[PDB]
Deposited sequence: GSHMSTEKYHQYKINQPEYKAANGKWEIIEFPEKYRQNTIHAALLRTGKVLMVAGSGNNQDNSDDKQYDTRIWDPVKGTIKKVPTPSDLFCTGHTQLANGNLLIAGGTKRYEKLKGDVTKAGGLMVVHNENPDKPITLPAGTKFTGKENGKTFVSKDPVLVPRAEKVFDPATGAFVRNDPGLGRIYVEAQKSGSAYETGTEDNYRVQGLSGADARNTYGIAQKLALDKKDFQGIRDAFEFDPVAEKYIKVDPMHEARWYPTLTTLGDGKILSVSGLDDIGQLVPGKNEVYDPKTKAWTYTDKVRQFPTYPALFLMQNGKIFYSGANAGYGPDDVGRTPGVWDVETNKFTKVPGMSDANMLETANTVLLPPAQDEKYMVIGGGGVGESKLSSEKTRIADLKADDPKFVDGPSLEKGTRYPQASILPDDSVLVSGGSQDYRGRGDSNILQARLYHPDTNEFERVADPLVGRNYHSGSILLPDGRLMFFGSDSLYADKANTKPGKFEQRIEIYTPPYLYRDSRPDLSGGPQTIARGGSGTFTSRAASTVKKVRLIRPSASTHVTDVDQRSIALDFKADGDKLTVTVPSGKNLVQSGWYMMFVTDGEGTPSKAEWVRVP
């Protein structure tokens, strides 16, 4: 339009950057749900079956590697249905990817009525129990009632605790509409049982709502080798997990937390650790339950910070409170102050730059399950404070689920997209982007994104300083919510303001390996202009969750055209692995990254 003229003016791009749509040849398209920047500089894009029933039925599983410099894309053979998986970079630079989705069950019953899977428990070792069709289950907390359509046989408990018999049955609300939906797990009383039967028999269900498909986890785990460009099978997890968080501990092992299991129950706090040297998994000694994709970050004291951000599931009163988790002792200490604590599902979490400060920001979020509630708020916790607590930061304009959030090499945080309602319901994509500035605690609006991104989206900082945005899985295609949504297969590249100004500093000397506490030397003719150096861990982003990205400040010295940088000593700050190293000048303009390996 004229718009298009406005947003291409030198002054405009200099203050707001600019967006571009990339669309791939039809043959390379997929529903990208997970992405990660690899140490090769290319982006792993993982769809699995892509939340597509035909692909699940055909075992059609997709992965791409996309080269942002050349703009080329290739397919990668994908061994398991690796969407709704967990993932993080290993010390060797491989991406550990574990969990994912079992072949999906057909959705049954009336599309206008809340329902889903009820898992019936039988505590009686003496006898099985059959609940006939039309059995009513009522939530002990939520008070809502659902009815089975078919009989279910629930086998005897087995003695060992008795281990309860379990039987799965579809249940459905009596009347249509969202008034009769639930958003969290509850324990359901079975109406019309008396005595012993009532004592030994009960239901557990996750959300029983209108986006109805029932998903189960798988145990498979792989290392993605970015040099070979292949998935390498490693030992499977002990637990099947759909939506686990994988997060690096102090000793370099990977902790896997939560997820739904092979029958769709929340894994009840049975966490496990991958040792990259043995390529084997071990249960943790002690149990702690969280909802799915919990946002879990390694702190400099070796404990885990849980921000409260999560993708849902489980009860509303277990693992819903932000805090500090000592994995070895299992002590959990609440961090108070969170505003809109009822709107933490589908929020983003960022460890603010520089990571040395241990400040976490929680952005946006929505009510449990398919709630119409959404939060405009940011909330910041400083974990180095005497009494740590969340305090509100700058607000967004609109309540926003699913905001994308990426650390930039200038210490800004790009916060972009999202939607006002569940899965972009009511055509509620928010086509806005901001820079968050940590030092001022201010938001600055920048250019609007071109493509809406809600559920199943993400963003990835690239070595050249641009950012890639992917995904978006709207429930509906139309504002009226009458037709099924189509998965967004375009990506965008966002060029920030800092690339529309003066010449950027030059940098060469990579790739290099630099130990914690060690130093390395790089070349920059513009060394004298460098104000900061940042070692930035590449992102692995899914479901509004990225426990990989962090930006570590490096001390440096300039000596003519030579920059000597020093890596901090702590293994809890500087996780082993590969990092982008950016140098930024006093005008805030970053170099392109060189890659550095920390052993």
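- The deposited sequence has C-alpha coordinates everywhere except the stretches 1-7, 168-176.
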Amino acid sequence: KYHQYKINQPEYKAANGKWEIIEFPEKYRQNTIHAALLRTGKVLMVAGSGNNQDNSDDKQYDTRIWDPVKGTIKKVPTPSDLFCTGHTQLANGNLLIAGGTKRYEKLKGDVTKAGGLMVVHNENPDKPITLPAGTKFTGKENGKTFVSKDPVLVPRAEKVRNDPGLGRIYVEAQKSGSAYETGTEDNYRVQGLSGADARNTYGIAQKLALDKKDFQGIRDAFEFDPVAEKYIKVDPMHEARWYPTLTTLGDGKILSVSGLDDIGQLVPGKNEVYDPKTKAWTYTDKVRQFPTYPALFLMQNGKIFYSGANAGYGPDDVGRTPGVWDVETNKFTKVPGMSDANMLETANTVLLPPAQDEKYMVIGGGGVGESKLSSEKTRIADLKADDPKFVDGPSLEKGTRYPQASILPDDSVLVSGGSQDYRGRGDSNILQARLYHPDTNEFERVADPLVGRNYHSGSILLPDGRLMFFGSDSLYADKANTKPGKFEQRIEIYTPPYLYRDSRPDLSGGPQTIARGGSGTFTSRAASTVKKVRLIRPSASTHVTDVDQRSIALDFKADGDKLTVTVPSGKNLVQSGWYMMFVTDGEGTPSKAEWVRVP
From here on, numbers count along this sequence of modelled residues.
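- Look at the mean CA B-factor for 461-469 and for 194-202 in the entry; the higher one is 194-202.
- Comparing 451-459 with 67-75, the higher mean C-alpha B-factor in the PDB entry belongs to 67-75.
- Residue-level inspection of the entry shows that, of 149, 219, 434, 437, 149 has the top Cα B-factor.
- As recorded in the PDB entry, 107 shows the highest C-alpha B-factor of the residues 515, 234, 361, 107.
- Split the chain's modelled residues into thirds by C-alpha temperature factor. Residue 411 is in the lowest one.
- Ranked against the other modelled residues of its chain, the C-alpha B-factor of residue 306 as given in the entry falls in the lowest third.
- Residue 565: CA B factor lies in the middle third for its chain, per the PDB record.
- In the deposited entry, the Cα temperature factor of residue 503 places it in the highest third of its chain's modelled residues.
- Sort the modelled residues of the chain by CA B factor and residue 430 lands in the highest third.
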